[PDB]
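# Summary of structural features
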Amino acid sequence: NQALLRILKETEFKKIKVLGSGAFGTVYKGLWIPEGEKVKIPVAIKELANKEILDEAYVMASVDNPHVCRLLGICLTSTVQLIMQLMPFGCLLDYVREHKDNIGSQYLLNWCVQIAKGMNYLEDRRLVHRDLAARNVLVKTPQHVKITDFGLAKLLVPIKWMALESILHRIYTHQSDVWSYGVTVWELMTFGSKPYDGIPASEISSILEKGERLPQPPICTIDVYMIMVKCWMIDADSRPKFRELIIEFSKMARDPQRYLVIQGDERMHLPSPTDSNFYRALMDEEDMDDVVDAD
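Below is a short write-up of the structure. (Residues numbered from 1 in each chain as written, not as in the entry; some residues may be left out. Heavy atoms only, no water.)

Our next topic: unusual backbone geometry. Negative phi is the rule for most residues except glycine; trans is the rule for most peptide bonds. The backbone phi angle of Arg 130 is positive, close to 80 degrees, even though this residue is not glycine. The phi dihedral of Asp 149 falls on the positive side, at around 65 degrees, and the residue is not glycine. Mapped onto the elements of the fold, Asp 149 is located in the loop between β8 (144-147) and α4 (152-155). Using a relative accessible area of 13% as the deciding quantity, one classes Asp 149 as buried. (Helix = DSSP H or I, 4+ residues; strand = E, 2+ residues; numbered from the N terminus. Buried < 20%, exposed > 50% of the residue type's maximum accessible area, 1.4 Å probe, protein only.)

Set out below in structure tokens:
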């Protein structure tokens, strides 16, 4: 459906401020000015054959799930610029670093559920993300996270997030996405530690072949670490399925203290109904499955 992608002229938007720079391009806070109107509407803009580009943009614009960000519009000039909904809380990687040791188990486990729900939706569509990482998950509210940057990897190298077969053979599948999910979970549980820090990307493949993996995060029980380890099995078909991961983390979220050990966790519960309602009226009106609370 081409009605899902708005083609914008550069005259009706302007980049105002940089939010982050990558290898794919630069992300700006921006403003949309509807033609014939006076209002400035805050948006996010990412500046990176047109037919090949538009073909993929239409796919990205078709993504409709509470946990994957949808491409809303595009402007093609000398540059390709993408427009999506601005999310003030930013990327989850920054969020966990800036809130280190101050995040409750209920939030961490529920984020794992939500990311796996978003990836399952892509898998059902037979779509592969290719670049899942904490830097590519955004916070809509503390209770609601969303995968972003879908489509860009294919459209345009994260060795330390990649499945061995991706490193060696540039094979990308749903099951290589599961490997990167495991690394993403590791990032969250360590509050944004760098994976294999101090180790050259050039030797990651040899480290993995020797059976070495990312270490157990200090807050993870053995059951949680075992899920991560299963995500990094050499045999792709022996790794978990996103559908299974949804179920597993949803179970842990029902008894969160049994699965993560976090100091002061008893005062880091999910927000009250009052506060959850305020957050939603104010910045999260889209429909979404209820978060999993403790039994």
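Taken in spatial order, the six strands line up as β1-β5-β6-β4-β3-β2 in an open sheet, and their pairing is mixed. Of all strands in the sheet, those with a lone pairing partner are β1 (6-7) and β2 (13-21), marking the two edges. Strand contacts of helix α1 (residues 50-61): β5 (73-76) and β6 (80-84), with the helix running at about 170 degrees to β5, the strand carrying the most contacts. (Pairing = 2+ DSSP bridges. Contact = heavy atoms within 4.5 Å. Axes fitted to C-alpha atoms, helices over the stretch in contact; angles between N-to-C directions.)

Another point: helix α8 (residues 222-231). For α8, the full list of buried residues reads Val 224, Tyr 225, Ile 227, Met 228 and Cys 231. Projected down its long axis, α8 carries its buried residues within an arc of 150 degrees, all on one side. Residues of α8 that are buried sit in contact with α6 (174-189) and α9 (242-253). (Arc of directions from axis to C-beta.)

It is worth spelling out the side chain of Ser 180 at this point. Relative to the helices and strands, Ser 180 is located in helix α6. Discounting residues that sit within four places of it in the chain, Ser 180 has contacts with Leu 132, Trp 161 and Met 162.

A few words now on the packing of α8 against α9. For the pair α8 and α9, interaxial distance at closest approach is 12 Å and the crossing angle is 165 degrees. Taken together, α8 and α9 sit at an angle that is classed as roughly antiparallel. Relative to α9, the crossing made by α8 is left-handed. Across the interface between the two elements, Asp 223, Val 224 and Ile 227 from α8 touch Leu 245, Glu 248, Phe 249 and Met 252 from α9. Of the residues contributing to the contact of α8 with α9, the split by class is five nonpolar, no polar and two charged. (Parallel < 35°, antiparallel > 145°, perpendicular 65-115°, else oblique. Left-handed = near helix turned anticlockwise from the far one by under 90°. Nonpolar A, V, L, I, M, F, W, Y, C, P; charged D, E, K, R; others polar.)

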